[PDB]
2 protein chains.
Amino acid sequence: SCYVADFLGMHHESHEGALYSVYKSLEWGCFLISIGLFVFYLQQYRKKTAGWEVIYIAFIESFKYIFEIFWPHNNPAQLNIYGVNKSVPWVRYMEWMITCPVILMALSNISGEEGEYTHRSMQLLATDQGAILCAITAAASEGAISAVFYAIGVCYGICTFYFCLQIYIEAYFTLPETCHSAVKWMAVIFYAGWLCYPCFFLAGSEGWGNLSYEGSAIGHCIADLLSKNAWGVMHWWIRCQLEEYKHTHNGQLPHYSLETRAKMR
Amino acid sequence: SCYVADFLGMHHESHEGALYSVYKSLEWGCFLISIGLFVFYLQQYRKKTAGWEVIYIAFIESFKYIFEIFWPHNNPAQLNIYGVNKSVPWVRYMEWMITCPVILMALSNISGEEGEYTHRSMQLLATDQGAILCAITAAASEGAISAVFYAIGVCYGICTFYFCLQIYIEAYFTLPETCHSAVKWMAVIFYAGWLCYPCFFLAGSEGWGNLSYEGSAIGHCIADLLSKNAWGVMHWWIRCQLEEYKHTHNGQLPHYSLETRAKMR
Ligand SMILES: *C/C=C(C)/C=C/C=C(C)/C=C/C1=C(C)CCCC1(C)C
Ligand SMILES: *C/C=C(C)/C=C/C=C(C)/C=C/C1=C(C)CCCC1(C)C
């Protein structure tokens, strides 16, 4: 009556092949980009173009990726769940929980002024929290429980996406014209990246697919380069454009308040 | 070369004694209080005295406690971690992650007006997120890793407590006189309850103590009755007093803006 574990990273694997090389190279590249962006944002801080949100995101991502590179499978980075015989990437989900709220806070503070926050920002944060928590619970469970939690997380995510779309449209119609193009791209980067995470979940060992750990982590690396680093670069670019507009227009941005939008789409 | 699990709730335990009876009675009582407060807040919603935060907190607490009563040890409510041989109360920590942000959001929105949120509210939310995530990581790990994560969570918690103290002092010096007493009590209920969670952690199977699951859960039940239900009742009471003041004073609360405080203590 023995019990062998058979979790990811316990039995020795012949880590060879082009896919593993690409995997490690992409982790190293993401770490390097994150740390470089961290330094660059630290230098840009004094010009009020890079807020604490992007710096924190880059910092946390750098630690995430260094732990991935050197201790991907040693706990607590890998949570080994016994009865379900599952391997949860707890480092990945912890990084999600840290950053996604900060990404949404930066989105709600795209310009940096005071008094622009609203109750809907807090509701957005709550929905994102629920979505990611239910994703973790689905990852740590099996069977119908996992599917139910995935569905609840999907509902939370639909609400979160609707709120974020409202924020993006408001930013587009309030921010100066010079930023409009940038905003569109950022929105794409927001939706192209985020939407990747739910699908990999279905295709990986978590969920009901059969992706290798390396392929799933490669997809997550790309989705992180998109959702975090590119999104932060766009955020910093937009803030720089806003600073230039402030310099050209006596320091004040155009003032729109107590209006309505979102008609039709 | 066999491996027996020995997690909480696997080997049959003779669930008998006065302590178990008190344990189950307190879980049932907390569930009943939470659901009753949920209904009561739903009725009070239309008078703008009970916000969505307390309703959500009561709702989530009711589900937490029903799952505790009926499936405390079945996963995903109990995460069984293999190499570390630990039993993480994932339902408890999920409920923490859901509610603590909402409690802080309600604290930052004690009055309910628009434009009262600030960047410091978002930083507070980030610090609370980090604190609870590090608490979970410590719970799921062992040895020096757990101690290090506990220390980082403690630092996050000190920052969170400092921010909350600032919020409480601002509420005390901005809200009407009639509410001052209430505010003090709420602060106590906030600090008496929250400070209980770090200590039980040290004394339980999580951490480095030897509390029984039942005693730890009893302590957590009391700390939840204090931090959530009593705190929500005080929040609703304060909002009712504010509504009365608004009725007596043409609907507007006293207006204080762009001032400073926190000198000395
Ligand atoms: C930096 C990391 C980010 C932005 C991660 C985002 C992750 C998601 C949006 C995940 C969503 C979901 C799952 C992965 C599974 C359950 C269903 C969702 C939609 C909540
Ligand atoms: C509704 C539940 C609440 C308010 C739970 C609160 C929990 C804490 C404040 C926990 C704090 C910590 C630990 C339990 C362990 C690690 C150190 C702390 C301070 C982050």
# chains A, B, ... in the order shown; residues from 1 in each chain; ligands from 1

$ residues_near_ligand --ligand "ligand 1" --cutoff "7 Å" --atoms "only C-alpha atoms and all ligand atoms" --output "PyMOL selection string"
chain A and resi 95-96+99-100+131-132+134-135+150-151+153-154+156-157+194-195+197-199+201+224+227-228

$ write_last_selection --atoms "N, CA, C and O atoms" --output "compact mmCIF listing (two decimals), in the first residue's frame"
# COMPACT_ATOMS: atom_id res chain seq x y z
N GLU A 95 2.15 36.01 -7.76
CA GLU A 95 2.52 37.17 -8.56
C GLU A 95 1.29 37.78 -9.23
O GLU A 95 1.17 39.01 -9.31
N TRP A 96 0.39 36.94 -9.73
CA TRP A 96 -0.87 37.44 -10.27
C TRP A 96 -1.63 38.25 -9.23
O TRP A 96 -2.07 39.37 -9.50
N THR A 99 0.08 41.63 -8.68
CA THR A 99 0.18 42.59 -9.78
C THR A 99 -1.17 43.00 -10.36
O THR A 99 -1.39 44.19 -10.61
N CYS A 100 -2.07 42.05 -10.59
CA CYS A 100 -3.34 42.39 -11.23
C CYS A 100 -4.06 43.52 -10.51
O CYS A 100 -4.53 44.45 -11.18
N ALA A 131 -11.96 36.68 -9.06
CA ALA A 131 -11.56 35.91 -10.23
C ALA A 131 -10.28 35.14 -9.98
O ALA A 131 -10.22 33.93 -10.21
N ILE A 132 -9.24 35.82 -9.49
CA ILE A 132 -7.96 35.14 -9.32
C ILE A 132 -8.04 34.10 -8.20
O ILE A 132 -7.44 33.02 -8.30
N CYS A 134 -10.68 32.32 -7.33
CA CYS A 134 -11.37 31.16 -7.87
C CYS A 134 -10.50 30.41 -8.87
O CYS A 134 -10.58 29.18 -8.95
N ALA A 135 -9.67 31.12 -9.63
CA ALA A 135 -8.71 30.44 -10.49
C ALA A 135 -7.75 29.57 -9.69
O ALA A 135 -7.49 28.42 -10.05
N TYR A 150 -13.95 27.47 -11.89
CA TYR A 150 -13.56 28.11 -13.14
C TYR A 150 -14.70 28.95 -13.69
O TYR A 150 -14.48 30.06 -14.18
N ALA A 151 -15.92 28.44 -13.63
CA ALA A 151 -17.07 29.19 -14.11
C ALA A 151 -17.30 30.46 -13.28
O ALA A 151 -17.58 31.53 -13.84
N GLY A 153 -15.06 32.09 -11.55
CA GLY A 153 -13.98 32.99 -11.92
C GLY A 153 -14.21 33.64 -13.27
O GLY A 153 -13.88 34.81 -13.46
N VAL A 154 -14.78 32.90 -14.22
CA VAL A 154 -15.09 33.47 -15.52
C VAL A 154 -16.13 34.57 -15.39
O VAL A 154 -16.03 35.61 -16.05
N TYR A 156 -16.70 36.47 -12.71
CA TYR A 156 -15.94 37.58 -12.14
C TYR A 156 -15.12 38.28 -13.21
O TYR A 156 -15.05 39.52 -13.25
N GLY A 157 -14.48 37.51 -14.09
CA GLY A 157 -13.63 38.09 -15.12
C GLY A 157 -14.41 38.87 -16.15
O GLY A 157 -13.94 39.89 -16.66
N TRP A 194 -4.30 39.43 -21.09
CA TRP A 194 -5.11 38.83 -20.04
C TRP A 194 -5.87 37.61 -20.55
O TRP A 194 -5.84 36.55 -19.91
N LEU A 195 -6.49 37.71 -21.73
CA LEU A 195 -7.26 36.61 -22.28
C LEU A 195 -6.42 35.37 -22.52
O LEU A 195 -6.99 34.28 -22.68
N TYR A 197 -4.31 34.06 -20.32
CA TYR A 197 -4.19 33.28 -19.09
C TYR A 197 -5.32 32.28 -18.92
O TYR A 197 -5.04 31.11 -18.58
N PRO A 198 -6.59 32.64 -19.11
CA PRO A 198 -7.66 31.64 -18.98
C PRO A 198 -7.49 30.44 -19.89
O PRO A 198 -7.80 29.31 -19.46
N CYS A 199 -7.03 30.63 -21.12
CA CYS A 199 -6.88 29.54 -22.07
C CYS A 199 -5.74 28.59 -21.72
O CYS A 199 -5.95 27.37 -21.72
N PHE A 201 -4.66 27.99 -18.85
CA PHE A 201 -5.19 27.24 -17.72
C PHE A 201 -5.92 26.00 -18.18
O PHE A 201 -5.73 24.91 -17.64
N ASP A 224 2.98 37.61 -19.98
CA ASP A 224 3.49 38.55 -18.99
C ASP A 224 4.26 39.69 -19.64
O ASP A 224 4.11 40.85 -19.23
N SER A 227 1.17 41.75 -20.90
CA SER A 227 0.24 42.34 -19.94
C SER A 227 0.93 43.28 -18.97
O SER A 227 0.30 44.21 -18.45
N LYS A 228 2.22 43.07 -18.69
CA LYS A 228 2.91 43.80 -17.64
C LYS A 228 3.94 44.78 -18.19
O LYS A 228 3.85 45.98 -17.92

$ closest_atom_pairs --of "region 176-202 of chain B" --to "region 234-243 of chain B" --cutoff "8 Å" --atoms "only C-alpha atoms" --output "CSV"
residue,atom,partner,partner_atom,distance
B:176,CA,B:242,CA,7.6
B:178,CA,B:241,CA,7.4
B:179,CA,B:238,CA,6.2
B:182,CA,B:234,CA,6.9
B:183,CA,B:238,CA,7.8
B:186,CA,B:234,CA,6.1

$ interface_residues --of "chain B" --to "chain A" --cutoff "9 Å" --atoms "only C-alpha atoms" --output "MDAnalysis selection string"
chainID B and resid 1:5 75:77 79:84 90 94 97:98 101:102 105 109 114:119 122 125:126 129:130 133:134 137:138 140:142 145:146

$ atom_distance --atom1 "CA of residue 51 (chain B)" --atom2 "CA of residue 220 (chain B)"
24.8 Å

$ select_by_dssp --residues "region 67-226 of chain B" --states "helix (DSSP H, G or I)" --output "PyMOL selection string"
chain B and resi 67-70+90-108+119-140+144-174+177-194+196-203+213-226

$ residues_around --residues "region 19-31 of chain A" --least-positions-apart "4" --cutoff "8 Å" --atoms "only C-alpha atoms" --output "PyMOL selection string"
chain A and resi 15+35+61-62+65-66+68-69+214-215+217-218+221+225

$ atom_distance --atom1 "CA of residue 33 (chain B)" --atom2 "CA of residue 58 (chain B)"
8.8 Å

$ atom_distance --atom1 "CA of residue 78 (chain B)" --atom2 "CA of residue 11 (chain B)"
14.4 Å

$ residues_around --residues "region 163-171 of chain A" --least-positions-apart "2" --cutoff "7 Å" --atoms "only C-alpha atoms" --output "PyMOL selection string"
chain A and resi 108+124+159-161+173-175+187+262

$ residues_around --residues "residue 55 (chain A)" --least-positions-apart "3" --cutoff "10 Å" --atoms "only C-alpha atoms" --output "number ranges by chain"
A: 34-35, 37-42, 45, 50-52, 58-61, 232

$ write_last_selection --atoms "N, CA and C atoms" --output "JSON list (two decimals), in the first residue's frame"
[["chain", "number", "residue", "atom", "x", "y", "z"],
["A", 34, "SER", "N", 12.45, 42.88, -17.08],
["A", 34, "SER", "CA", 11.77, 43.38, -15.89],
["A", 34, "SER", "C", 12.72, 44.20, -15.02],
["A", 35, "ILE", "N", 13.94, 43.70, -14.80],
["A", 35, "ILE", "CA", 14.87, 44.43, -13.94],
["A", 35, "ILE", "C", 15.33, 45.72, -14.60],
["A", 37, "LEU", "N", 13.57, 47.52, -16.77],
["A", 37, "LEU", "CA", 12.44, 48.43, -16.66],
["A", 37, "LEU", "C", 12.30, 48.97, -15.25],
["A", 38, "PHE", "N", 12.60, 48.14, -14.25],
["A", 38, "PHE", "CA", 12.60, 48.60, -12.86],
["A", 38, "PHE", "C", 13.57, 49.75, -12.67],
["A", 39, "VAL", "N", 14.81, 49.58, -13.14],
["A", 39, "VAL", "CA", 15.81, 50.64, -13.02],
["A", 39, "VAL", "C", 15.37, 51.88, -13.80],
["A", 40, "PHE", "N", 14.86, 51.68, -15.01],
["A", 40, "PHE", "CA", 14.47, 52.80, -15.85],
["A", 40, "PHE", "C", 13.33, 53.60, -15.21],
["A", 41, "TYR", "N", 12.33, 52.91, -14.66],
["A", 41, "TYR", "CA", 11.25, 53.57, -13.95],
["A", 41, "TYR", "C", 11.74, 54.27, -12.69],
["A", 42, "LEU", "N", 12.70, 53.68, -11.98],
["A", 42, "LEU", "CA", 13.28, 54.36, -10.83],
["A", 42, "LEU", "C", 13.94, 55.67, -11.23],
["A", 45, "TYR", "N", 11.13, 58.20, -12.07],
["A", 45, "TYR", "CA", 10.20, 58.55, -11.00],
["A", 45, "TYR", "C", 10.15, 60.05, -10.74],
["A", 50, "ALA", "N", 6.59, 57.78, -14.26],
["A", 50, "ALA", "CA", 6.47, 56.39, -13.84],
["A", 50, "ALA", "C", 6.01, 56.37, -12.40],
["A", 51, "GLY", "N", 4.79, 55.89, -12.17],
["A", 51, "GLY", "CA", 4.26, 55.78, -10.84],
["A", 51, "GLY", "C", 4.79, 54.56, -10.11],
["A", 52, "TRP", "N", 4.45, 54.49, -8.83],
["A", 52, "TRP", "CA", 4.87, 53.36, -8.01],
["A", 52, "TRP", "C", 4.31, 52.04, -8.50],
["A", 58, "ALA", "N", 7.21, 45.63, -11.86],
["A", 58, "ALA", "CA", 8.49, 45.15, -12.37],
["A", 58, "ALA", "C", 9.30, 44.45, -11.29],
["A", 59, "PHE", "N", 9.32, 45.02, -10.09],
["A", 59, "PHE", "CA", 10.02, 44.43, -8.96],
["A", 59, "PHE", "C", 9.50, 43.01, -8.68],
["A", 60, "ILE", "N", 8.18, 42.88, -8.54],
["A", 60, "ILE", "CA", 7.59, 41.60, -8.19],
["A", 60, "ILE", "C", 7.78, 40.60, -9.32],
["A", 61, "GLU", "N", 7.69, 41.06, -10.57],
["A", 61, "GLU", "CA", 7.91, 40.18, -11.71],
["A", 61, "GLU", "C", 9.35, 39.68, -11.75],
["A", 232, "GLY", "N", 3.01, 48.49, -19.01],
["A", 232, "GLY", "CA", 3.68, 49.51, -18.23],
["A", 232, "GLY", "C", 4.39, 50.53, -19.09]]

$ select_by_dssp --residues "region 71-208 of chain B" --states "strand (DSSP E)" --output "ChimeraX atom specification"
/B:78-81,86-89

$ write_last_selection --atoms "N, CA and C atoms" --output "PDB file, in the first residue's frame"
ATOM      1  N   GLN B  78      -9.627  22.258   2.506  1.00  0.00           N
ATOM      2  CA  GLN B  78      -8.377  21.883   3.153  1.00  0.00           C
ATOM      3  C   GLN B  78      -7.370  21.531   2.071  1.00  0.00           C
ATOM      4  N   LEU B  79      -6.295  22.307   1.980  1.00  0.00           N
ATOM      5  CA  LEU B  79      -5.218  22.010   1.046  1.00  0.00           C
ATOM      6  C   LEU B  79      -4.179  21.152   1.754  1.00  0.00           C
ATOM      7  N   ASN B  80      -4.012  19.922   1.284  1.00  0.00           N
ATOM      8  CA  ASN B  80      -3.066  18.982   1.865  1.00  0.00           C
ATOM      9  C   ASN B  80      -1.774  19.045   1.063  1.00  0.00           C
ATOM     10  N   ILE B  81      -0.696  19.484   1.705  1.00  0.00           N
ATOM     11  CA  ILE B  81       0.584  19.695   1.044  1.00  0.00           C
ATOM     12  C   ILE B  81       1.519  18.563   1.446  1.00  0.00           C
ATOM     13  N   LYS B  86       1.552  19.369   5.448  1.00  0.00           N
ATOM     14  CA  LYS B  86       0.775  20.408   6.110  1.00  0.00           C
ATOM     15  C   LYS B  86      -0.664  20.442   5.617  1.00  0.00           C
ATOM     16  N   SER B  87      -1.525  21.023   6.450  1.00  0.00           N
ATOM     17  CA  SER B  87      -2.953  21.143   6.186  1.00  0.00           C
ATOM     18  C   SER B  87      -3.333  22.613   6.255  1.00  0.00           C
ATOM     19  N   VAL B  88      -3.473  23.238   5.097  1.00  0.00           N
ATOM     20  CA  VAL B  88      -3.740  24.667   4.981  1.00  0.00           C
ATOM     21  C   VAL B  88      -5.249  24.867   4.960  1.00  0.00           C
ATOM     22  N   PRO B  89      -5.807  25.697   5.840  1.00  0.00           N
ATOM     23  CA  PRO B  89      -7.227  26.039   5.717  1.00  0.00           C
ATOM     24  C   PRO B  89      -7.461  27.029   4.590  1.00  0.00           C
TER      25      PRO B  89
END

$ decode --residues "region 234-258 of chain B" --atoms "N, CA and C atoms" --output "CSV table (one decimal), in the first residue's frame"
chain,number,residue,atom,x,y,z
B,234,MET,N,-20.9,48.5,13.5
B,234,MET,CA,-20.4,49.8,13.8
B,234,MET,C,-20.4,50.7,12.6
B,235,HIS,N,-20.0,50.2,11.5
B,235,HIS,CA,-20.0,50.9,10.2
B,235,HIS,C,-21.4,51.4,9.8
B,236,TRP,N,-22.4,50.5,9.9
B,236,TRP,CA,-23.8,50.8,9.6
B,236,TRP,C,-24.3,51.8,10.6
B,237,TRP,N,-24.0,51.7,11.9
B,237,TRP,CA,-24.4,52.6,12.9
B,237,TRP,C,-23.8,54.0,12.6
B,238,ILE,N,-22.6,54.1,12.2
B,238,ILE,CA,-22.0,55.4,11.9
B,238,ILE,C,-22.6,56.0,10.7
B,239,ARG,N,-22.9,55.2,9.7
B,239,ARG,CA,-23.6,55.7,8.5
B,239,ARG,C,-25.0,56.2,8.8
B,240,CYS,N,-25.7,55.5,9.7
B,240,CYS,CA,-27.0,56.0,10.1
B,240,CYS,C,-26.9,57.3,10.8
B,241,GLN,N,-25.9,57.5,11.7
B,241,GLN,CA,-25.8,58.8,12.4
B,241,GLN,C,-25.4,59.9,11.4
B,242,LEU,N,-24.6,59.5,10.4
B,242,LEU,CA,-24.3,60.5,9.3
B,242,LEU,C,-25.5,60.9,8.5
B,243,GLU,N,-26.4,59.9,8.2
B,243,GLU,CA,-27.7,60.2,7.5
B,243,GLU,C,-28.5,61.1,8.4
B,244,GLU,N,-28.6,60.9,9.7
B,244,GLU,CA,-29.4,61.7,10.5
B,244,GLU,C,-28.8,63.2,10.5
B,245,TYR,N,-27.5,63.3,10.6
B,245,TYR,CA,-26.9,64.6,10.6
B,245,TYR,C,-27.2,65.3,9.3
B,246,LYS,N,-27.1,64.6,8.2
B,246,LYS,CA,-27.4,65.1,6.9
B,246,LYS,C,-28.9,65.6,6.8
B,247,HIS,N,-29.8,64.9,7.4
B,247,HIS,CA,-31.2,65.3,7.4
B,247,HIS,C,-31.3,66.6,8.2
B,248,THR,N,-30.6,66.7,9.3
B,248,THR,CA,-30.7,67.9,10.2
B,248,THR,C,-30.0,69.1,9.6
B,249,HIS,N,-29.0,68.8,8.8
B,249,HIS,CA,-28.2,69.9,8.3
B,249,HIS,C,-28.2,70.1,6.8
B,250,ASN,N,-29.4,70.0,6.2
B,250,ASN,CA,-29.7,70.3,4.8
B,250,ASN,C,-29.0,69.2,3.9
B,251,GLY,N,-28.6,68.1,4.4
B,251,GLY,CA,-28.1,67.0,3.6
B,251,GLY,C,-26.6,67.0,3.4
B,252,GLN,N,-25.9,68.1,3.8
B,252,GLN,CA,-24.5,68.2,3.6
B,252,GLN,C,-23.8,68.0,4.9
B,253,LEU,N,-22.7,67.2,4.9
B,253,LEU,CA,-21.8,67.0,6.0
B,253,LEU,C,-20.8,68.1,6.1
B,254,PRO,N,-20.2,68.4,7.2
B,254,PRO,CA,-19.2,69.4,7.3
B,254,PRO,C,-18.0,69.1,6.3
B,255,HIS,N,-17.5,70.2,5.7
B,255,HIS,CA,-16.6,70.0,4.6
B,255,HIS,C,-15.2,70.4,5.1
B,256,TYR,N,-14.3,69.5,5.1
B,256,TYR,CA,-12.9,69.7,5.4
B,256,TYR,C,-12.1,69.1,4.3
B,257,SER,N,-11.2,69.8,3.7
B,257,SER,CA,-10.4,69.4,2.6
B,257,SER,C,-9.0,70.0,2.6
B,258,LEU,N,-8.0,69.3,2.0
B,258,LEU,CA,-6.7,69.8,1.9
B,258,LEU,C,-6.1,70.4,3.2
